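Structure first, commentary second.
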Amino acid sequence: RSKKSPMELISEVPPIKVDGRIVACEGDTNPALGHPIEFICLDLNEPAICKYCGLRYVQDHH
Amino acid sequence: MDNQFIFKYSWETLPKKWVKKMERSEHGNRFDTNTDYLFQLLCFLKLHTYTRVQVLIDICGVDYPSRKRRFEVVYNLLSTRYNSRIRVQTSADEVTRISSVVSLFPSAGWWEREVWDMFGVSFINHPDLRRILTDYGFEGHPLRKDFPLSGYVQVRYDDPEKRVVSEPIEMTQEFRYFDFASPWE
Amino acid sequence: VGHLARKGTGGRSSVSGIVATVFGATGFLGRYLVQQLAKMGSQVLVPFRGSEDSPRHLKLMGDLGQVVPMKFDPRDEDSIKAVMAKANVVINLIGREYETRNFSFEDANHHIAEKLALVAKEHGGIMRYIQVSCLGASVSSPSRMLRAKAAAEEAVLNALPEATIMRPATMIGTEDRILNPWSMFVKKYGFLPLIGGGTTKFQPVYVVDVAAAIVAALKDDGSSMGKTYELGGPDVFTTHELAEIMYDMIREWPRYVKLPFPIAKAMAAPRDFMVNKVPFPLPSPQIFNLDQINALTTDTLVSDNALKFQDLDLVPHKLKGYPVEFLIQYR
Amino acid sequence: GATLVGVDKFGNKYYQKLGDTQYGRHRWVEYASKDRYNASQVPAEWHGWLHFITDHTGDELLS
Amino acid sequence: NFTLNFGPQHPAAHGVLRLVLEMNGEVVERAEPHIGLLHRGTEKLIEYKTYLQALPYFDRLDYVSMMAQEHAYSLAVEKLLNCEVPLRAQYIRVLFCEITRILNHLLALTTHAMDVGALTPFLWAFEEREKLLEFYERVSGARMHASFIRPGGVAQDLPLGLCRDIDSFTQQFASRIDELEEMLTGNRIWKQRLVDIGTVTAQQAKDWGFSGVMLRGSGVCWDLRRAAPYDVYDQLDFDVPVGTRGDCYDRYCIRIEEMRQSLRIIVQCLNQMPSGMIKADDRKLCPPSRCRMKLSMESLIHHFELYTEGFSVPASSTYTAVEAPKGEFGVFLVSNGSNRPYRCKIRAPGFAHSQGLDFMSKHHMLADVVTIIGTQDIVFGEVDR
Amino acid sequence: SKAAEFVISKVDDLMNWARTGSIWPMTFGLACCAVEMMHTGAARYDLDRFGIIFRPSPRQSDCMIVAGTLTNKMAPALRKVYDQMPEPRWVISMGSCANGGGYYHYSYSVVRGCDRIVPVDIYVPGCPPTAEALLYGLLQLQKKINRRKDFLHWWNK
Amino acid sequence: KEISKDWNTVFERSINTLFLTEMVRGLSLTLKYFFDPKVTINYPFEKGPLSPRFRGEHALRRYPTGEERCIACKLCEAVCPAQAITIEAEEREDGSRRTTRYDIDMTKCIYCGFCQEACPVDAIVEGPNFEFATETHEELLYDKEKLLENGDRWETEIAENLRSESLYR
Amino acid sequence: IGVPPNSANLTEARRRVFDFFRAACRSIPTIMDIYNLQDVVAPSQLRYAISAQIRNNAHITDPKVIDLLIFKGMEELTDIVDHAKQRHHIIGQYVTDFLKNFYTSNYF
Amino acid sequence: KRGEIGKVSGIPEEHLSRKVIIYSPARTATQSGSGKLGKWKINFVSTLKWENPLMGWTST
Ligand SMILES: CCCCCCCCCCCCCCCCCCCC(=O)O[C@H](COC(=O)CCCCCCCCCCCCCC)COP(=O)(O)OCCN
Ligand SMILES: NC(=O)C1=CN([C@@H]2O[C@H](COP(=O)(O)OP(=O)(O)OC[C@H]3O[C@@H](n4cnc5c(N)ncnc54)[C@H](OP(=O)(O)O)[C@@H]3O)[C@@H](O)[C@H]2O)C=CC1
Ligand SMILES: CCCCCCCCCCCC(=O)SCCNC(=O)CCNC(=O)[C@H](O)C(C)(C)COP(=O)(O)O
Ligand code: SF4
Ligand code: SF4
Ligand code: SF4
Ligand SMILES: [Zn+2]
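Just so you know, the sequences run in chain order R, C, P, q, D, B, I, W and Q.
Note that the deposited numbering has the first sequence beginning at 48, numbered continuously upward.
Note that the deposited numbering has the second sequence beginning at 1, numbered continuously upward.
Note that the deposited numbering has the third sequence beginning at 52, numbered continuously upward.
Note that the deposited numbering has the fourth sequence beginning at 48, numbered continuously upward.
Note that the deposited numbering has the fifth sequence beginning at 10, numbered continuously upward.
Note that the deposited numbering has the sixth sequence beginning at 62, numbered continuously upward.
Note that the deposited numbering has the seventh sequence beginning at 54, numbered continuously upward.
For the eighth sequence, the residue numbers in the deposited numbering are 10 to 104, 121 to 133.
Note that the deposited numbering has the ninth sequence beginning at 35, numbered continuously upward.
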């Protein structure tokens, strides 16, 4: 499919569940083939969006 | 011969009035002389027994649009016998004519012609001094800091007259100059 | 007004909202009109019908899509509407000098012009329309081609009231179709026949002047709309001194032979086109064209009370030096 | 034909011959179509194998 | 006397060559080449681009010895920057300079033979030349214009299987050279079309600035990689061929011997190549590894600040010269102190060689002019900067 | 006239086959792209297999390959040589410098594209284009020649 | 005075220069290659060898999720020696830094790989395609949709090439 | 022959101006019959054109500037003498207002 | 005044009458370093820069 631009296609990916105050996002599973690592403090109840990938991380606890 | 040996001997042997400015470093021995003593200095360096500079590498030219003597022609020389490299440079001007060295090194004719082509520095008693690199009818000297990179005129084919014609330049996309220079330097 | 939005200095990379659908731009006037249009930056669309390499010499005019050749079918109305869809001005130069086994004089000029005018009216976005006919375009003229031009230029006005009509007269240029065959024919034989017998005066014009007049009419949204100009040269020549001013640079041996007008017209038609209609691609006529002889029966001088170059503040080029200089390659 | 290595969704078939010490006639294509075949029908997965970029067949590259 | 002009379009004259020469009916009296047909304007363009953005201009100067000019530019930048280079980088740079020498000598010899009239060695030399163009295509992307040699070290490390293939090529390259030489040295037509043609004396070659093969043809044992050895050349042992009388044939024999010496040097570099880093640890002119720029803040900062601004060479001015296959290729940098070169004059060896055509083609016949053009191996990218 | 339409179709196909199976390009290489185009004519990527042989003169050459930077001083010569060519007269712009500016594209003495001097039909981009790229460009030119119903257009006009 | 005056050697030399021994020896060498196997390859069916580092078509990669890798960092535009890349950017309502116009003039491009090795996110790459041969000039002005189409087409091979040489540099 | 050294005084500059103008005139017929133009332009008006071009720089005072201008004059003349300049380049090269500027563009 | 060097420069004569501005660029507010000061430049007012009607490139 190609009618879905990345704008409305990245929003359909459910937010990641992770424990802890911060999470490290690297993009690809291989660090060298992803983006520079991006530690994000996911303390707000809204999911924290990685600035490079656009992936959203939310805190499972609390 | 050793680089410092050329320094000492040449500075001692040379007439004192010829060399205005002279420099010693690992980059290269430099003799900055006046515009009128250049021919005599080159002749001395060509014929002297200890300093036998037989081949002229090239005649350079640097434009400094911030000093009275705007241009600076650089003569790179090489002594094949003694395995040394000396560099002689002088200062020029838009209208000042500097003596040629074609009599000493016949290969310098094309370099002098291209220096005249690029910087507009005339050479005294140079046989057949004319533009060598730029096209026919070219206006302006491209290597000056004043000359725009894209030039002043274009080239295209015009159908009403079955020939290739010239117009003032009309760039489809301007040259984007990126200013990367930063402080703390 | 809304169109013709200037942008930057006039030149190759300039901008002008004169996106135009010039018909018949693969001909003689087209390579000059398109050059004039694209020299000042305006986009031009060149719809062709023949082989795809016919308009490839027009792409040199513009800058990366300012000259877009497109294919159409004159017999199909939809395609000729599709080619002019993104256009705000239409110039029509479609016209055949001679008969064709597929297209007659009426079909080549009158019917095509009527269809183009009706399609332009239907589109509704053509703010300026120009259709070009010949000078001696009287309805009663013996020549068939001139009658078709008259019918086309009268039908266009009814279709579009604000449509200018441009009327050049035997334009001469590097690949024109009245002087080049003469020099060619002289090269093989050199006797240079005169069908009219001389004393048939007319006004030749330089094709660059015609293109300049057309572009100037495009660039003035004033007292030009609807008017029918009569384009002509600065001097009133006739076939004799025209032949002399041709032959002077050509040189070698000058020879003149006079053919009586009626016997010449009675001889040219049978050999050229009276019964040979089986092969569709019949050879193109030489200077013995049947209707070109009929067009020479009367003087085609410009009307004294009609529009001229001086009404549109430009001067014709002198047809003695540069305009005729292209004959050196013939000499 | 020493060996036939895989096929393509477009129908063009891929062969392979192994030499001894000198290059030549290693691997080529038999295009399915004949209307001048546009000289460019190999997909991305089989493009690397054909140009000796990768030793993977291309069917394995899809997985 | 009439003055007809050249400009043939087939690659006999290497193209883009305009030659207006006056003859005495059969014998040429003065040939005046008209250069400038390929003056792109590199010297003016270098001043407008960073020290890294200007590197690929040097690939486009002498486009048969692409890595030879990059070598000179990198050495000039290093001399201005005072940057040390690891041994592995020096060894691979020497190896690829020798490969450029082989490529340029092969191309020169076979274009010269094509000009004379021999056709077979041309195709054999190109089927050889492809096997080194693919070596270039392996270490970097492009086959011809490979920006492999950077000012710091080299662009990136050699692939795993490159050394084995290079050795395999060098196993048979000598036999291929012998096969090519079989048809030219012993052939009697080749001697009569080259012997006593374009004689240059050592004093006259020195006067006209004929550094290169045209100098060693005249009996002068002047080699820039022996007189002023720059990279790892003292460790490598090779002989410098010197002609006895330089006239279009001792130059050819010298080129054969230099091809063999380049093969020997390549073998020595292959055997003696050490292991270690390829780019200097200064990190002011060398970028960080892709795994480090994505993990370390300083590495990313350096990558960002050198892939846009580039390194700033301290204000000075130097002249460097390397033994390019054509001859003495020299780059004269004047550094303003900013990240862009103030002036970069390029001393093309072909300039003086083409200048010296006028006297070399004196009182010769017309058919003894194409052989003079071929025997000096002039390409107009460098002649017209 | 449907009965003859088969005859015109066959004549057109024969003419296109004749013009495609034998193309005699004229080498106008004047920069480093000439070396790659010379490798294309070499033993490996044989051009002579496809009926392509280079000609030394424009008076007997089918198409023209512009390979290399086109300076201001050479553009009149390029146009003059292009003028002395027969009717088909195709032009191929090999290399990045030839098909619009190039690495320089900003110079007092560089023509920003050979398409400002001669009408170009096929653009082969690359700096320098691979021999396979030039072969693909020539195949594209051959495909373009196939789309020529020149006899049919003459019949219909 | 170059002399070869000996009774036996004069006969030996005067025969070699009379029966064309050198010509025959150089003639029999070509016949050896006449029967040898050829080195050519039929291009349309068999392609020449390449390398994982080859520099060909530009492509704009995207994350496996579907979000494009380009973050409008404009390092590629700044490092491009030919000045072929033009970039325009703005912040989408999602707040992500993305490109709206990212067009490469492939007629100015020199295929040097400086743009590819300057990306901090591997957004742009040079795929193994080398078969552009467009018939129109303005078709060579790739405009961020041709880039993305190339990235989608060659992704399964660009990823393999990148992961194969990721150990280098 | 070789380039003259310089001019110390303005009298030598005027002498060089006169010599250049004379040489340009003695070279006027060869450029008339090498470009194949006889009736389009008479040789007389080219003399007036050259005189006007020379008189254009009448306000120059530095002898060195005069010398370099004259040298450029010989360079252009020699270029024209050879069949090197493009065809009819020479004839093209050598041949209130406020509202007019306002109606065209803002930059006048 | 004293445009003799301008006359001999060879540049198109219509560009000799251009009005220019001479100034020393000031330190940028976004940075605190003063390593880009004390250098004077001539500012030709190249105001006219339209937009190419094919791709949005800035023509001049
Ligand atoms: C099996 C069937 C084959 C059928 C075809 C026949 C074989 C054809 C083979 C041709 C292969 C070579 C073709 C090359 C063509 C050009 C070669 C010409 C070279 C040439 O002319 O050299 C000359 C000698 O040639 C000559 O002299 C040639 C004539 C041979 C003379 C006879 C030699 C032995 C005589 C003994 C007689 C015995 C009987 C006595 C009772 C002199 O060369 P140069 O220039 O260096 O000289 C210095 C004087 N300026
Ligand atoms: N300038 C002059 O000498 C004169 C001009 N005129 C008028 O100006 C026009 C131009 O003169 P000229 O330059 O001689 O015109 P041309 O004879 O050069 O042909 C002009 C164009 O008409 C096109 N054309 C002809 N028939 C058809 C058709 N049936 N359907 C579609 N297109 C067609 C041709 O396309 P293709 O080539 O593909 O058929 C050609 O491009 C004349 O047609 C005439 O009306 C009047 C008097 C003299
Ligand atoms: C086809 C033609 C080929 C050559 C074309 C060349 C065209 C340009 C010619 C060169 C243009 C120059 O500026 S080159 C020559 C430039 N030299 C000068 O301008 C001298 C300055 N003028 C004076 O000295 C006096 O006023 C003077 C007017 C001489 C007399 O007036 P008086 O005695 O009262 O004093
Ligand atoms: S495209 Fe590249 S290789 Fe070809 S001429 Fe231009 S710079 Fe040289
Ligand atoms: S360098 Fe890569 S991420 Fe940055 S703007 Fe260019 S393509 Fe996008
Ligand atoms: S390959 Fe080089 S020239 Fe081409 S876009 Fe990338 S950086 Fe620019
Ligand atoms: Zn992330």
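All residues carry an ideal CB built from backbone N, CA and C; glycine is no exception.
8 angstroms Cβ cutoff, residue 157 (chain C) in contact with chain P: Position 157 of the second sequence holds residue 157 (chain C). Output row for residue 157 (chain C): interface = yes.
Is the beta carbon of residue 77 (chain W) within less than 7 angstroms of some heavy atom of ligand 3? If you number the eighth sequence from 1, residue 77 (chain W) lands on position 68. No - ligand 3 has no heavy atom lying nearer than 7 angstroms to the Cβ of residue 77 (chain W).
Determine, for residue 125 (chain D), whether the minimum Cβ-Cβ distance to residues of chain B falls below 8 angstroms. Residue numbering aside, residue 125 (chain D) sits at position 116 when the fifth sequence is read from its first letter. Using beta-carbon distances, residue 125 (chain D) does not count as an interface residue toward chain B, since no partner is under 8 angstroms.
At a CB-CB cut-off below 8 angstroms, which residues of chain Q make contact with residue 449 (chain P)? Here chain P comprises residues numbered 52 to 382, so residue 449 (chain P) is not present and cannot be evaluated.
For residue 137 (chain C), go through chain W and note every residue whose CB falls closer than 9 angstroms to its CB, in chain order. For the purposes of this step, residue 137 (chain C) is identified with residue 137 of the second sequence, where counting begins at 1. Per Cβ cutoff of 9 angstroms: 85, 88, 93, 94, 95, 98, 102.
Checking contacts by CB at 8 angstroms: is residue 259 (chain D) closer than that to chain I? Here residue 259 (chain D) is taken as the residue at index 250 of the fifth sequence, counted from 1. No, residue 259 (chain D) does not count as interfacial toward chain I.
Buried or exposed (CB count within 10 angstroms, at least 16 for buried), residue 117 (chain I): To locate residue 117 (chain I), count along the seventh sequence from 1; it is residue 64. It counts as exposed.
Identified DSSP bridge partners for residue 143 (chain I): Your numbering for residue 143 (chain I) matches position 90 in the seventh sequence. Bridge partners of residue 143 (chain I): I:151.
What distance in whole Å lies between the Cβ atoms of residue 24 (chain D) and residue 202 (chain B), which are believed to be in contact at a cut-off of 8 angstroms? The count along the sixth sequence starts at 1 and reaches residue 202 (chain B) at position 141. The count along the fifth sequence starts at 1 and reaches residue 24 (chain D) at position 15. Residue 202 (chain B) to residue 24 (chain D), Cβ: 21 angstroms. No contact.
Tell me whether residue 61 (chain C) is buried or exposed, calling it buried when 16 or more other Cβ atoms sit within 10 Å of its Cβ. Walking along the second sequence from the start, residue 61 (chain C) turns up at place 61. Residue 61 (chain C) should be labelled buried.
Taking the alpha carbon of residue 59 (chain q) as the reference point, which residue from q:108, q:74, q:89 has its own alpha carbon closest? Stepping through the fourth sequence from its first residue, residue 59 (chain q) is reached at position 12. With distances taken between Cα atoms, residue 59 (chain q) lies closest to q:89.
Going by other Cβ atoms of all chains shown within 10 Å of its Cβ, with 16 needed for buried, is residue 86 (chain I) buried or exposed? The sequence position of residue 86 (chain I) within the seventh sequence is 33, counting from 1. It counts as exposed.
Measuring alpha carbon to alpha carbon, tell me which residue in C:169, C:162, C:33 is nearest residue 155 (chain C). Sequence index remark: in the second sequence, residue 155 (chain C) carries index 155 (1-based). Minimum Cα distance to residue 155 (chain C) is reached at C:169.
Going straight from the alpha carbon of residue 98 (chain R) to that of residue 147 (chain I), what length do you get? For the purposes of this step, residue 98 (chain R) is identified with residue 51 of the first sequence, where counting begins at 1. For the purposes of this step, residue 147 (chain I) is identified with residue 94 of the seventh sequence, where counting begins at 1. Roughly 10 angstroms separates the two Cα atoms.
Counting contacts by CB-CB distance shorter than 8 angstroms, is residue 79 (chain R) in contact with chain I? Taking the first residue of the first sequence as 1, we reach residue 79 (chain R) at position 32. Yes, its Cβ sits closer than 8 angstroms to a Cβ of chain I.
Using a Cβ cut-off of 8 angstroms, pull out every chain I residue sitting near residue 160 (chain B), in sequence order please. Taking the sixth sequence and counting its residues from 1, one reaches residue 160 (chain B) at position 99. The answer, in chain order, is 160, 190, 193.
Give me every residue whose Cβ sits closer than 6 angstroms to any heavy atom of ligand 5, in chain order. Near ligand 5, residues with a Cβ at less than 6 angstroms from any of the ligand's heavy atoms are I:123, I:124, I:125, I:126, I:127, I:128, I:129, I:140, I:171, I:172, I:174, I:176, I:177; the list follows chain order.
Three-state class that DSSP yields for residue 101 (chain B) in the structure shown: Here the question's residue 101 (chain B) lines up with position 40 in the sixth sequence. When DSSP states are grouped into helix, strand and coil, residue 101 (chain B) belongs to the helix group.
Other residues of its chain near residue 154 (chain I): CB distance less than 6 angstroms, five sequence neighbours each side excluded: The residue you call residue 154 (chain I) lines up with position 101 of the seventh sequence. Counting only Cβ-Cβ distances below 6 angstroms, and skipping sequence neighbours, we find 141.
Runs of 4 residues minimum, wholly inside the segment 113-191 of chain B: which ones carry the alpha helix (DSSP H) assignment? Correct list: 136-144.
If you compare alpha carbons, which of D:148, D:33, D:123 is closest to residue 98 (chain D)? Against the fifth sequence, residue 98 (chain D) aligns to sequence position 89. Checking every option, the nearest Cα to that of residue 98 (chain D) belongs to D:148.
CB of residue 300 (chain D) to nearest heavy atom of ligand 6: below 7 angstroms? Translated into positions along the fifth sequence, residue 300 (chain D) becomes position 291. Checking every heavy atom of ligand 6 against the Cβ of residue 300 (chain D), none is found closer than 7 angstroms.
My output table needs one value for residue 22 (chain W): the three-state DSSP class, helix, strand or coil. Position 13 of the eighth sequence, counting from 1, holds the residue named residue 22 (chain W). If DSSP states are grouped into helix, strand and coil, residue 22 (chain W) belongs with the helices.
Residue 138 (chain C) and residue 131 (chain C) - do their beta-carbons sit closer together than 8 angstroms? In the second sequence, the residue the question calls residue 131 (chain C) occupies position 131. In the second sequence, the residue the question calls residue 138 (chain C) occupies position 138. Result yes, Cβ atoms of residue 131 (chain C) and residue 138 (chain C) sit closer than 8 angstroms.
If we define contact as Cβ-Cβ less than 8 angstroms, is residue 115 (chain C) a contact residue for chain B? Locating residue 115 (chain C) in the second sequence gives position 115, where the first residue counts as 1. Closer than 8 angstroms: no.
Quickly, what does DSSP pair residue 71 (chain R) with across the bridge? List them, please. By 1-based counting over the first sequence, the position of residue 71 (chain R) is 24. Bridge partners of residue 71 (chain R): R:86.
Measure the C-alpha to C-alpha separation of residue 24 (chain C) and residue 174 (chain B) and round it to an integer number of angstroms. Here the question's residue 24 (chain C) lines up with position 24 in the second sequence. Here the question's residue 174 (chain B) lines up with position 113 in the sixth sequence. If you take the alpha carbons of residue 24 (chain C) and residue 174 (chain B), they lie about 48 angstroms apart.
Residue from D:249, D:206, D:156, D:304 whose Cα sits closest to the Cα of residue 380 (chain D): For the purposes of this step, residue 380 (chain D) is taken as residue 371 along the fifth sequence, with counting starting at 1. Comparing Cα positions, the closest option is D:206.
What is the C-beta distance between residue 185 (chain B) and residue 186 (chain I), in whole angstroms, given that I count them as a contact (C-beta under 8 angstroms)? By 1-based counting over the sixth sequence, the position of residue 185 (chain B) is 124. By 1-based counting over the seventh sequence, the position of residue 186 (chain I) is 133. Contact between residue 185 (chain B) and residue 186 (chain I) holds, with the beta-carbon distance rounding to 6 angstroms and staying under 8 angstroms.
For chain Q, find out if any of its Cβ atoms is closer than 8 angstroms to the Cβ of residue 23 (chain C); answer yes or no. Within the second sequence, numbered from 1, the residue matching residue 23 (chain C) stands at position 23. It does not: the Cβ of residue 23 (chain C) has no partner Cβ on chain Q nearer than 8 angstroms.
For a test of your reading of the model: does the CB of residue 119 (chain P) fall under 7 angstroms from any non-hydrogen atom of ligand 6? Yes or no. The residue given as residue 119 (chain P) occupies position 68 in the third sequence. No heavy atom of ligand 6 is found nearer than 7 angstroms to the CB of residue 119 (chain P).
Segment limits, beta strand (DSSP E) that includes residue 311 (chain D): Taking the first residue of the fifth sequence as position 1, residue 311 (chain D) is located at position 302. Looking at the DSSP string, residue 311 (chain D) is not in any beta strand (DSSP E); the run it does join, the alpha helix (DSSP H), is 306-316.
Where residue 170 (chain B) meets chain C, residues with beta-carbon distance less than 7 angstroms: In the sixth sequence, residue 170 (chain B) corresponds to position 109, counting from 1. Here the neighbours are 134, 135.
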